[PDB]
>>> print(open('upload_10.txt').read())   # compact mmCIF, C-alpha atoms and all ligand atoms
# COMPACT_ATOMS: atom_id res chain seq x y z
CA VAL A 7 0.00 0.00 0.00
CA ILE A 8 0.96 3.67 -0.37
CA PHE A 9 1.85 5.80 2.65
CA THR A 10 3.13 9.32 2.02
CA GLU A 11 6.17 10.80 3.74
CA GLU A 12 4.04 13.58 5.25
CA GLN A 13 1.80 10.99 6.91
CA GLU A 14 4.93 9.33 8.33
CA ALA A 15 6.25 12.63 9.71
CA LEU A 16 2.86 13.40 11.28
CA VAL A 17 2.97 10.16 13.29
CA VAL A 18 6.70 10.21 14.09
CA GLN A 19 6.80 13.87 15.15
CA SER A 20 3.61 13.59 17.22
CA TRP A 21 4.88 10.42 18.90
CA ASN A 22 8.22 12.11 19.64
CA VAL A 23 6.22 14.65 21.66
CA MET A 24 4.13 11.98 23.42
CA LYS A 25 7.07 9.70 24.33
CA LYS A 26 7.67 11.26 27.75
CA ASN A 27 3.99 11.15 28.79
CA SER A 28 3.53 7.64 27.35
CA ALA A 29 2.85 6.18 30.80
CA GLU A 30 0.03 8.61 31.62
CA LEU A 31 -1.22 8.50 28.02
CA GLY A 32 -1.44 4.72 28.38
CA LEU A 33 -3.70 4.81 31.43
CA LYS A 34 -5.95 7.40 29.78
CA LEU A 35 -6.15 5.29 26.61
CA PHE A 36 -7.52 2.32 28.55
CA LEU A 37 -9.77 4.61 30.60
CA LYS A 38 -11.62 5.53 27.41
CA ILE A 39 -11.56 1.90 26.23
CA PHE A 40 -13.02 0.66 29.52
CA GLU A 41 -15.48 3.58 29.53
CA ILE A 42 -16.84 2.84 26.05
CA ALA A 43 -16.81 -0.96 26.49
CA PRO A 44 -16.29 -2.00 30.13
CA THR A 45 -16.55 -5.69 29.16
CA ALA A 46 -13.08 -5.33 27.60
CA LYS A 47 -11.67 -5.65 31.12
CA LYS A 48 -12.60 -9.35 31.16
CA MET A 49 -10.07 -10.14 28.42
CA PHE A 50 -7.27 -8.84 30.67
CA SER A 51 -6.54 -11.08 33.66
CA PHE A 52 -4.97 -8.15 35.55
CA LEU A 60 -4.92 -2.08 41.30
CA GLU A 61 -6.28 0.76 39.17
CA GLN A 62 -2.84 1.80 37.91
CA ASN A 63 -1.99 -1.68 36.67
CA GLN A 64 1.40 -1.94 35.03
CA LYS A 65 0.53 -4.48 32.33
CA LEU A 66 -2.55 -2.41 31.47
CA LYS A 67 -0.16 0.46 30.74
CA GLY A 68 2.45 -1.82 29.17
CA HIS A 69 -0.17 -3.11 26.74
CA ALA A 70 -1.28 0.46 26.00
CA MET A 71 2.40 1.30 25.59
CA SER A 72 2.62 -1.38 22.89
CA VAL A 73 -0.42 -0.05 21.00
CA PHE A 74 1.25 3.38 20.86
CA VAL A 75 4.81 2.35 19.98
CA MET A 76 3.92 -0.39 17.48
CA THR A 77 1.59 1.98 15.63
CA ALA A 78 4.31 4.62 15.27
CA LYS A 79 6.73 1.89 14.18
CA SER A 80 4.14 0.70 11.65
CA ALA A 81 4.03 4.13 9.99
CA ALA A 82 7.76 3.89 9.28
CA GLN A 83 7.33 0.48 7.65
CA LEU A 84 4.42 1.67 5.51
CA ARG A 85 6.65 4.43 4.12
CA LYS A 86 9.82 2.34 3.73
CA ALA A 87 8.38 -0.86 2.22
CA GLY A 88 4.63 -0.24 1.99
CA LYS A 89 3.51 -2.95 4.42
CA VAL A 90 3.71 -3.91 8.10
CA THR A 91 6.53 -6.39 8.73
CA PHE A 92 6.90 -8.33 11.98
CA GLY A 93 9.91 -10.29 13.16
CA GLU A 94 10.46 -13.98 13.75
CA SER A 95 8.36 -15.51 16.55
CA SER A 96 6.55 -12.15 16.78
CA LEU A 97 3.82 -12.19 14.13
CA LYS A 98 2.62 -15.60 15.33
CA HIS A 99 2.69 -14.39 18.94
CA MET A 100 0.51 -11.38 18.13
CA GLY A 101 -2.03 -13.53 16.31
CA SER A 102 -1.97 -16.31 18.91
CA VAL A 103 -2.57 -14.02 21.90
CA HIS A 104 -5.41 -11.97 20.40
CA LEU A 105 -7.04 -15.16 19.09
CA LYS A 106 -6.69 -16.94 22.44
CA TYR A 107 -8.54 -14.16 24.30
CA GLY A 108 -11.22 -13.72 21.63
CA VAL A 109 -10.37 -10.23 20.39
CA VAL A 110 -13.06 -9.34 17.87
CA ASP A 111 -13.28 -6.47 15.38
CA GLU A 112 -15.34 -4.35 17.78
CA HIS A 113 -12.44 -4.43 20.25
CA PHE A 114 -9.96 -3.20 17.63
CA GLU A 115 -12.31 -0.44 16.45
CA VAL A 116 -13.10 0.83 19.96
CA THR A 117 -9.36 0.89 20.66
CA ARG A 118 -8.78 2.89 17.47
CA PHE A 119 -11.43 5.42 18.50
CA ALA A 120 -9.94 5.74 21.99
CA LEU A 121 -6.42 6.02 20.54
CA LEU A 122 -7.41 8.98 18.36
CA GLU A 123 -9.19 10.56 21.33
CA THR A 124 -5.97 10.24 23.36
CA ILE A 125 -3.89 11.75 20.53
CA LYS A 126 -6.35 14.65 20.14
CA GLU A 127 -6.30 15.62 23.84
CA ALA A 128 -2.55 15.05 24.27
CA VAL A 129 -1.21 17.46 21.64
CA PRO A 130 -4.15 19.86 21.02
CA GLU A 131 -2.16 22.07 18.60
CA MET A 132 -0.65 19.34 16.38
CA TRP A 133 -3.80 17.42 15.39
CA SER A 134 -5.36 17.97 11.97
CA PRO A 135 -7.80 16.30 9.55
CA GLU A 136 -4.55 15.01 8.02
CA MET A 137 -3.04 13.90 11.35
CA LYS A 138 -5.79 11.43 12.27
CA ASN A 139 -5.69 9.70 8.87
CA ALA A 140 -1.95 9.19 9.36
CA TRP A 141 -2.45 7.52 12.74
CA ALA A 142 -5.61 5.77 11.50
CA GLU A 143 -4.01 4.14 8.46
CA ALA A 144 -0.94 3.21 10.50
CA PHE A 145 -3.25 1.64 13.08
CA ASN A 146 -5.43 -0.06 10.44
CA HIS A 147 -2.51 -1.67 8.61
CA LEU A 148 -1.16 -2.82 11.98
CA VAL A 149 -4.52 -4.38 12.88
CA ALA A 150 -4.80 -5.93 9.41
CA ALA A 151 -1.47 -7.71 9.97
CA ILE A 152 -2.56 -8.92 13.42
CA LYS A 153 -5.89 -10.06 11.96
CA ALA A 154 -4.16 -11.70 8.98
CA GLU A 155 -2.22 -13.94 11.37
CA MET A 156 -5.37 -14.56 13.41
CA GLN A 157 -7.27 -15.65 10.28
CA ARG A 158 -4.29 -17.75 9.12
CA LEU A 159 -5.06 -20.64 11.48
CA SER A 160 -6.54 -22.85 8.77
CA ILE B 8 -35.00 0.51 43.19
CA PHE B 9 -34.97 3.87 41.39
CA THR B 10 -35.26 7.02 43.48
CA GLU B 11 -37.65 9.86 42.66
CA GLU B 12 -34.74 12.29 42.25
CA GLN B 13 -33.29 10.09 39.51
CA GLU B 14 -36.71 10.00 37.81
CA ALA B 15 -37.04 13.79 37.72
CA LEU B 16 -33.59 14.14 36.14
CA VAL B 17 -34.57 11.92 33.20
CA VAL B 18 -38.18 13.11 32.80
CA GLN B 19 -37.32 16.82 32.85
CA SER B 20 -34.30 16.42 30.57
CA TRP B 21 -36.24 14.32 28.05
CA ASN B 22 -39.06 16.89 27.98
CA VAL B 23 -36.52 19.34 26.54
CA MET B 24 -35.14 16.79 24.07
CA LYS B 25 -38.58 15.76 22.75
CA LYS B 26 -38.52 18.35 19.95
CA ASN B 27 -35.01 17.45 18.76
CA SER B 28 -35.61 13.70 19.16
CA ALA B 29 -35.47 13.06 15.40
CA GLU B 30 -31.99 14.49 14.84
CA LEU B 31 -30.78 13.10 18.18
CA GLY B 32 -31.49 9.64 16.76
CA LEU B 33 -29.19 10.04 13.76
CA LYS B 34 -26.51 11.50 16.04
CA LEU B 35 -26.75 8.47 18.34
CA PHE B 36 -26.05 5.99 15.54
CA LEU B 37 -23.45 8.24 13.88
CA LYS B 38 -21.29 7.96 17.01
CA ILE B 39 -22.10 4.24 17.36
CA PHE B 40 -20.96 3.49 13.80
CA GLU B 41 -17.93 5.75 14.30
CA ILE B 42 -16.75 3.95 17.45
CA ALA B 43 -17.61 0.45 16.16
CA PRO B 44 -18.32 0.44 12.39
CA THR B 45 -18.81 -3.35 12.40
CA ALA B 46 -22.18 -2.71 14.08
CA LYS B 47 -23.50 -1.81 10.61
CA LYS B 48 -23.28 -5.48 9.59
CA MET B 49 -26.01 -6.40 12.08
CA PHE B 50 -28.34 -3.94 10.33
CA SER B 51 -29.16 -3.62 6.62
CA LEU B 60 -28.47 5.27 1.47
CA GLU B 61 -28.04 5.95 5.20
CA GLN B 62 -28.66 9.67 5.24
CA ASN B 63 -32.07 9.71 6.92
CA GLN B 64 -33.16 6.13 7.57
CA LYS B 65 -35.19 3.81 9.82
CA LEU B 66 -31.99 3.62 11.88
CA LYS B 67 -33.13 7.00 13.18
CA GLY B 68 -36.50 5.47 14.04
CA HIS B 69 -34.59 2.64 15.70
CA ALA B 70 -32.49 5.19 17.57
CA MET B 71 -35.77 6.94 18.40
CA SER B 72 -36.81 3.69 20.10
CA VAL B 73 -33.59 3.65 22.15
CA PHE B 74 -34.39 7.20 23.28
CA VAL B 75 -38.12 6.84 23.95
CA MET B 76 -37.94 3.40 25.59
CA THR B 77 -35.19 4.62 27.92
CA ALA B 78 -37.31 7.58 29.03
CA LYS B 79 -40.23 5.20 29.56
CA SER B 80 -38.00 3.06 31.80
CA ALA B 81 -37.21 5.92 34.20
CA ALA B 82 -40.91 6.52 34.81
CA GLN B 83 -41.60 2.80 35.20
CA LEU B 84 -38.64 2.19 37.53
CA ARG B 85 -39.92 4.90 39.88
CA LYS B 86 -43.62 4.03 39.68
CA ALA B 87 -43.49 0.23 39.95
CA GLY B 88 -39.81 -0.70 40.24
CA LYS B 89 -39.55 -2.62 36.96
CA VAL B 90 -39.35 -2.09 33.20
CA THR B 91 -42.69 -2.72 31.49
CA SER B 96 -42.96 -6.45 23.22
CA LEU B 97 -40.40 -7.71 25.73
CA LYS B 98 -40.39 -11.14 24.08
CA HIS B 99 -39.85 -9.47 20.70
CA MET B 100 -36.95 -7.37 22.02
CA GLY B 101 -35.11 -10.42 23.32
CA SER B 102 -35.84 -12.47 20.20
CA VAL B 103 -34.64 -9.86 17.69
CA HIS B 104 -31.43 -8.86 19.48
CA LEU B 105 -30.63 -12.54 20.04
CA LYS B 106 -31.05 -13.45 16.36
CA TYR B 107 -28.67 -10.69 15.22
CA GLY B 108 -26.06 -11.44 17.88
CA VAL B 109 -26.16 -8.26 19.95
CA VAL B 110 -23.43 -8.69 22.56
CA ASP B 111 -22.61 -6.71 25.71
CA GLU B 112 -20.01 -4.64 23.85
CA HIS B 113 -22.79 -3.43 21.54
CA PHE B 114 -25.03 -2.40 24.45
CA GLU B 115 -22.29 -0.43 26.22
CA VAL B 116 -21.04 1.32 23.07
CA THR B 117 -24.63 2.44 22.47
CA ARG B 118 -24.81 3.64 26.08
CA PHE B 119 -21.60 5.67 25.71
CA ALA B 120 -22.84 7.23 22.47
CA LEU B 121 -26.23 7.87 24.07
CA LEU B 122 -24.70 9.70 27.04
CA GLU B 123 -22.51 11.71 24.65
CA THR B 124 -25.75 12.74 22.92
CA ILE B 125 -27.47 13.57 26.22
CA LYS B 126 -24.64 15.74 27.59
CA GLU B 127 -22.57 16.85 24.58
CA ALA B 128 -25.07 17.17 21.71
CA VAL B 129 -27.92 19.70 21.96
CA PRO B 130 -28.91 19.13 25.62
CA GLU B 131 -26.36 21.29 27.44
CA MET B 132 -27.40 20.44 31.01
CA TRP B 133 -25.33 17.89 32.91
CA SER B 134 -24.42 16.75 36.42
CA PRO B 135 -22.74 13.75 38.10
CA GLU B 136 -26.32 12.71 38.91
CA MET B 137 -27.73 13.49 35.45
CA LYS B 138 -25.50 11.04 33.59
CA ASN B 139 -26.02 8.40 36.28
CA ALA B 140 -29.78 8.92 35.93
CA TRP B 141 -29.78 8.12 32.21
CA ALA B 142 -27.14 5.42 32.75
CA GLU B 143 -29.18 3.45 35.30
CA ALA B 144 -32.36 3.93 33.25
CA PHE B 145 -30.52 2.52 30.23
CA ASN B 146 -28.96 -0.32 32.25
CA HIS B 147 -32.25 -1.56 33.73
CA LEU B 148 -33.80 -1.45 30.26
CA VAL B 149 -30.89 -3.39 28.78
CA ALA B 150 -30.95 -5.83 31.71
CA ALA B 151 -34.58 -6.59 30.87
CA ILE B 152 -33.70 -7.02 27.18
CA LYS B 153 -30.77 -9.26 28.13
CA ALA B 154 -32.93 -11.29 30.53
CA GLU B 155 -35.17 -12.12 27.56
CA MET B 156 -32.06 -12.67 25.41
CA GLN B 157 -30.93 -15.51 27.72
CA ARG B 158 -34.04 -17.31 26.45
CA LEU B 159 -31.84 -19.35 24.09
CA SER B 160 -30.81 -22.99 24.51
CA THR B 161 -28.28 -22.06 27.23
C1 LIG C 201 -2.89 -2.44 17.12
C2 LIG C 201 -3.50 -2.97 18.19
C3 LIG C 201 -2.80 -3.88 19.24
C4 LIG C 201 -1.50 -4.15 19.44
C5 LIG C 201 -0.28 -3.59 18.67
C6 LIG C 201 -1.39 -5.07 20.55
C7 LIG C 201 -0.23 -5.60 21.08
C8 LIG C 201 -0.15 -6.53 22.10
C9 LIG C 201 1.06 -6.98 22.75
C10 LIG C 201 2.50 -6.52 22.43
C11 LIG C 201 0.72 -7.88 23.68
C12 LIG C 201 1.69 -8.63 24.63
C13 LIG C 201 1.82 -10.10 24.24
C14 LIG C 201 2.70 -10.77 25.26
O1 LIG C 201 3.27 -10.04 26.13
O2 LIG C 201 2.85 -12.01 25.21
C15 LIG C 201 -0.72 -8.03 23.66
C16 LIG C 201 -1.47 -8.86 24.46
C17 LIG C 201 -2.83 -8.77 24.67
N1 LIG C 201 -3.70 -7.93 24.01
FE1 LIG C 201 -3.19 -6.75 22.41
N2 LIG C 201 -2.67 -5.35 21.00
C18 LIG C 201 -3.56 -4.64 20.22
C19 LIG C 201 -4.93 -4.64 20.34
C20 LIG C 201 -5.66 -5.28 21.33
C21 LIG C 201 -7.08 -5.14 21.57
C22 LIG C 201 -8.05 -4.25 20.76
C23 LIG C 201 -7.41 -5.93 22.60
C24 LIG C 201 -8.82 -6.09 23.21
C25 LIG C 201 -9.41 -5.06 23.84
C26 LIG C 201 -6.21 -6.59 23.06
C27 LIG C 201 -6.11 -7.49 24.11
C28 LIG C 201 -4.97 -8.14 24.52
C29 LIG C 201 -4.87 -9.15 25.55
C30 LIG C 201 -6.04 -9.71 26.40
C31 LIG C 201 -3.59 -9.53 25.64
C32 LIG C 201 -2.99 -10.59 26.60
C33 LIG C 201 -2.77 -9.99 27.99
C34 LIG C 201 -2.29 -11.10 28.89
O3 LIG C 201 -1.52 -11.97 28.41
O4 LIG C 201 -2.67 -11.11 30.09
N3 LIG C 201 -5.16 -6.18 22.26
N4 LIG C 201 -1.21 -7.19 22.68
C1 LIG C 202 -27.25 -1.63 22.05
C2 LIG C 202 -27.03 -2.17 20.84
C3 LIG C 202 -28.20 -2.60 19.92
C4 LIG C 202 -28.04 -3.14 18.72
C5 LIG C 202 -26.68 -3.44 18.04
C6 LIG C 202 -29.34 -3.41 18.16
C7 LIG C 202 -29.61 -3.98 16.93
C8 LIG C 202 -30.86 -4.26 16.42
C9 LIG C 202 -31.14 -4.90 15.15
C10 LIG C 202 -30.09 -5.39 14.13
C11 LIG C 202 -32.47 -5.00 15.02
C12 LIG C 202 -33.18 -5.62 13.81
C13 LIG C 202 -33.81 -4.53 12.96
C14 LIG C 202 -34.56 -5.18 11.83
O1 LIG C 202 -34.18 -6.33 11.46
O2 LIG C 202 -35.52 -4.57 11.30
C15 LIG C 202 -33.08 -4.42 16.21
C16 LIG C 202 -34.43 -4.32 16.48
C17 LIG C 202 -35.02 -3.48 17.42
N1 LIG C 202 -34.32 -2.74 18.36
FE1 LIG C 202 -32.32 -2.91 18.75
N2 LIG C 202 -30.29 -3.00 19.07
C18 LIG C 202 -29.63 -2.49 20.18
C19 LIG C 202 -30.26 -1.98 21.30
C20 LIG C 202 -31.57 -1.56 21.38
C21 LIG C 202 -32.17 -0.84 22.48
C22 LIG C 202 -31.46 -0.40 23.78
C23 LIG C 202 -33.45 -0.61 22.16
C24 LIG C 202 -34.50 0.12 23.03
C25 LIG C 202 -34.90 -0.42 24.18
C26 LIG C 202 -33.71 -1.19 20.86
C27 LIG C 202 -34.91 -1.18 20.17
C28 LIG C 202 -35.23 -2.03 19.13
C29 LIG C 202 -36.55 -2.35 18.63
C30 LIG C 202 -37.89 -1.79 19.17
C31 LIG C 202 -36.43 -3.21 17.61
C32 LIG C 202 -37.62 -3.80 16.82
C33 LIG C 202 -37.43 -3.64 15.31
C34 LIG C 202 -38.54 -4.36 14.59
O3 LIG C 202 -39.46 -4.87 15.28
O4 LIG C 202 -38.50 -4.43 13.34
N3 LIG C 202 -32.53 -1.75 20.41
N4 LIG C 202 -32.07 -3.99 17.03
>>> encode(input="upload_10.txt", output="structure tokens")
Amino acid sequence: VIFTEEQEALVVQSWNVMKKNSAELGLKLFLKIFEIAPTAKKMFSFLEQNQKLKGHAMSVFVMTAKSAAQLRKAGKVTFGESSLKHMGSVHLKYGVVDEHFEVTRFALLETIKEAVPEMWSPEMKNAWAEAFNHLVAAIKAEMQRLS
Amino acid sequence: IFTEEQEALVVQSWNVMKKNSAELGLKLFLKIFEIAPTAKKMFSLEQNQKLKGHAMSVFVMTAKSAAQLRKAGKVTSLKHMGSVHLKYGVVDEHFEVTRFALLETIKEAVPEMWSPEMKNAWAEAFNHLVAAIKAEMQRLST
């Protein structure tokens, strides 16, 4: 797929600003997830500032920004050895459905809009959205590859 | 149990929203399909649609619940509600996304009045209504 250099810079530069507040931005991300769909808590076996709840939210942030660089360099999302199968196996094992990915995307954009209020743009969201969509498509491709 | 103070919060706020109920229905499903676009697959062009009339039902049946929960203590068609939602696979995630979008339409849309008790009033009225729908949804083989 095609991913312009401006879309890459929008994600990289905005993530460079959010790197220091990534911990607090992780808790707020899951606060909106658990506010929109509280049943999402059941998939996580882990009091209110839970470290693996932030560490998972950390991953959603950092892997999405890393995805934007791959979409510009090669045009696809590439995972490493024993990593693509792990992503698919875990999300499949806990029954992550499309609604969970799409609520997380909505909450992610809401956490990127309230973090940097003066960087966001109708072009900024599409950069983070496509980077998040291609990342989910790769996770879902390995989940649907258990034939 | 549903206190009289919680009833007044819903009844009075809905009286203001009665005139804008039509547009408030489209706004409810616009946020639903924005948060979880896969919800469209459960339904069947979509400018003005019967999805607004369906969203009308979500609005009007929730307001009816607040009056019923205060008058009698229960939500009072029920067999049809459970049967339809069961056949299309409406899960808990769908009910709570609709609740979030509903509350965003009751506090952030055109009704500009809000309170820590106002949201909880519509939330409990929506929960007891959904609990009754879900009680009839568990009328499957298990
Ligand atoms: C682009 C989106 C996502 C990415 C990049 C991502 C990434 C990850 C990573 C790195 C792990 C850790 C695996 C391990 O440590 O073995 C994980 C586990 C997990 N993820 Fe995701 N995830 C995403 C979306 C989601 C969504 C939407 C849900 C559901 C709300 C979800 C639920 C889980 C669960 C339940 C686990 C396992 C936690 C545990 O082992 O206790 N993930 N994910
Ligand atoms: C929360 C997520 C919900 C989803 C995803 C959902 C979905 C659906 C779907 C797909 C139908 C079938 C429509 C048709 O085939 O014509 C339906 C029917 C209906 N829904 Fe819901 N529903 C939800 C909640 C509610 C709530 C809270 C109410 C109000 C109490 C409600 C009121 C109705 C009514 C009255 C019908 C009857 C339609 C008919 O008889 O043709 N729904 N719903």
>>> interface_residues(input="upload_10.txt", of="chain B", to="chain A", cutoff="7 Å", atoms="all atoms listed in the file", output="PyMOL selection string")
chain B and resi 42-43+45+112+115-116+119
>>> residues_near_ligand(input="upload_10.txt", ligand="ligand LIG 202 (chain C)", cutoff="10 Å", atoms="only C-alpha atoms and all ligand atoms", output="PyMOL selection string")
chain B and resi 36+39-40+45-51+65-66+68-80+96-97+99-121+145-153
>>> closest_residue(input="upload_10.txt", among="A:49, A:133, A:139, A:148", to="residue A:72", atoms="all atoms listed in the file")
A:148
>>> atom_distance(input="upload_10.txt", atom1="atom CA of residue A:94", atom2="atom CA of residue A:8")
24.5 Å
>>> residues_near_point(input="upload_10.txt", point="(-4.8, 5.9, 10.3)", cutoff="12 Å", atoms="all atoms listed in the file", output="ChimeraX atom specification")
/A:9-10,13-14,16-17,77-78,80-81,84,115,118-119,121-122,125,135-150
>>> axis_aligned_box(input="upload_10.txt", around="stretch 149-153 of chain A", padding_each_side="8 Å", output="lines of an AutoDock Vina configuration file")
center_x = -3.7
center_y = -7.2
center_z = 11.4
size_x = 20.4
size_y = 21.7
size_z = 20.0
>>> atom_distance(input="upload_10.txt", atom1="atom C9 of ligand LIG 201 (chain C)", atom2="atom CA of residue A:97")
10.4 Å
>>> atom_distance(input="upload_10.txt", atom1="atom CA of residue A:124", atom2="atom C19 of ligand LIG 201 (chain C)")
15.2 Å
>>> closest_residue(input="upload_10.txt", among="A:25, A:99, A:126, A:67", to="ligand LIG 201 (chain C)", atoms="all atoms listed in the file")
A:99
>>> build_atoms(input="upload_10.txt", residues="stretch 65-81 of chain A", atoms="N, CA and C atoms", output="PDB file, keeping the file's coordinate frame")
ATOM      1  N   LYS A  65       0.748  -3.833  33.621  1.00  0.00           N
ATOM      2  CA  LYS A  65       0.530  -4.480  32.330  1.00  0.00           C
ATOM      3  C   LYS A  65      -0.623  -3.867  31.550  1.00  0.00           C
ATOM      4  N   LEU A  66      -1.555  -3.176  32.215  1.00  0.00           N
ATOM      5  CA  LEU A  66      -2.550  -2.410  31.470  1.00  0.00           C
ATOM      6  C   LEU A  66      -1.913  -1.221  30.765  1.00  0.00           C
ATOM      7  N   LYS A  67      -0.924  -0.592  31.402  1.00  0.00           N
ATOM      8  CA  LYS A  67      -0.160   0.460  30.740  1.00  0.00           C
ATOM      9  C   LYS A  67       0.826  -0.114  29.731  1.00  0.00           C
ATOM     10  N   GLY A  68       1.508  -1.205  30.090  1.00  0.00           N
ATOM     11  CA  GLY A  68       2.450  -1.820  29.170  1.00  0.00           C
ATOM     12  C   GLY A  68       1.803  -2.286  27.877  1.00  0.00           C
ATOM     13  N   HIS A  69       0.568  -2.782  27.961  1.00  0.00           N
ATOM     14  CA  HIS A  69      -0.170  -3.110  26.740  1.00  0.00           C
ATOM     15  C   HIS A  69      -0.510  -1.843  25.965  1.00  0.00           C
ATOM     16  N   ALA A  70      -0.993  -0.812  26.664  1.00  0.00           N
ATOM     17  CA  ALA A  70      -1.280   0.460  26.000  1.00  0.00           C
ATOM     18  C   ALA A  70      -0.015   1.096  25.459  1.00  0.00           C
ATOM     19  N   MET A  71       1.115   0.899  26.142  1.00  0.00           N
ATOM     20  CA  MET A  71       2.400   1.300  25.590  1.00  0.00           C
ATOM     21  C   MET A  71       2.639   0.654  24.231  1.00  0.00           C
ATOM     22  N   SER A  72       2.390  -0.655  24.138  1.00  0.00           N
ATOM     23  CA  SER A  72       2.620  -1.380  22.890  1.00  0.00           C
ATOM     24  C   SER A  72       1.753  -0.846  21.756  1.00  0.00           C
ATOM     25  N   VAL A  73       0.476  -0.570  22.034  1.00  0.00           N
ATOM     26  CA  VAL A  73      -0.420  -0.050  21.000  1.00  0.00           C
ATOM     27  C   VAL A  73       0.114   1.274  20.452  1.00  0.00           C
ATOM     28  N   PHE A  74       0.688   2.111  21.320  1.00  0.00           N
ATOM     29  CA  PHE A  74       1.250   3.380  20.860  1.00  0.00           C
ATOM     30  C   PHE A  74       2.519   3.156  20.042  1.00  0.00           C
ATOM     31  N   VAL A  75       3.481   2.412  20.593  1.00  0.00           N
ATOM     32  CA  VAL A  75       4.810   2.350  19.980  1.00  0.00           C
ATOM     33  C   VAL A  75       4.781   1.507  18.709  1.00  0.00           C
ATOM     34  N   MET A  76       3.974   0.444  18.682  1.00  0.00           N
ATOM     35  CA  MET A  76       3.920  -0.390  17.480  1.00  0.00           C
ATOM     36  C   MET A  76       3.177   0.306  16.350  1.00  0.00           C
ATOM     37  N   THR A  77       2.258   1.218  16.675  1.00  0.00           N
ATOM     38  CA  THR A  77       1.590   1.980  15.630  1.00  0.00           C
ATOM     39  C   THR A  77       2.530   3.000  15.000  1.00  0.00           C
ATOM     40  N   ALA A  78       3.328   3.690  15.819  1.00  0.00           N
ATOM     41  CA  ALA A  78       4.310   4.620  15.270  1.00  0.00           C
ATOM     42  C   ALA A  78       5.371   3.886  14.466  1.00  0.00           C
ATOM     43  N   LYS A  79       5.795   2.713  14.944  1.00  0.00           N
ATOM     44  CA  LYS A  79       6.730   1.890  14.180  1.00  0.00           C
ATOM     45  C   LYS A  79       6.113   1.390  12.884  1.00  0.00           C
ATOM     46  N   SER A  80       4.799   1.155  12.872  1.00  0.00           N
ATOM     47  CA  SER A  80       4.140   0.700  11.650  1.00  0.00           C
ATOM     48  C   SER A  80       4.177   1.768  10.572  1.00  0.00           C
ATOM     49  N   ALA A  81       4.016   3.036  10.960  1.00  0.00           N
ATOM     50  CA  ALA A  81       4.030   4.130   9.990  1.00  0.00           C
ATOM     51  C   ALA A  81       5.359   4.211   9.257  1.00  0.00           C
TER      52      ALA A  81
END
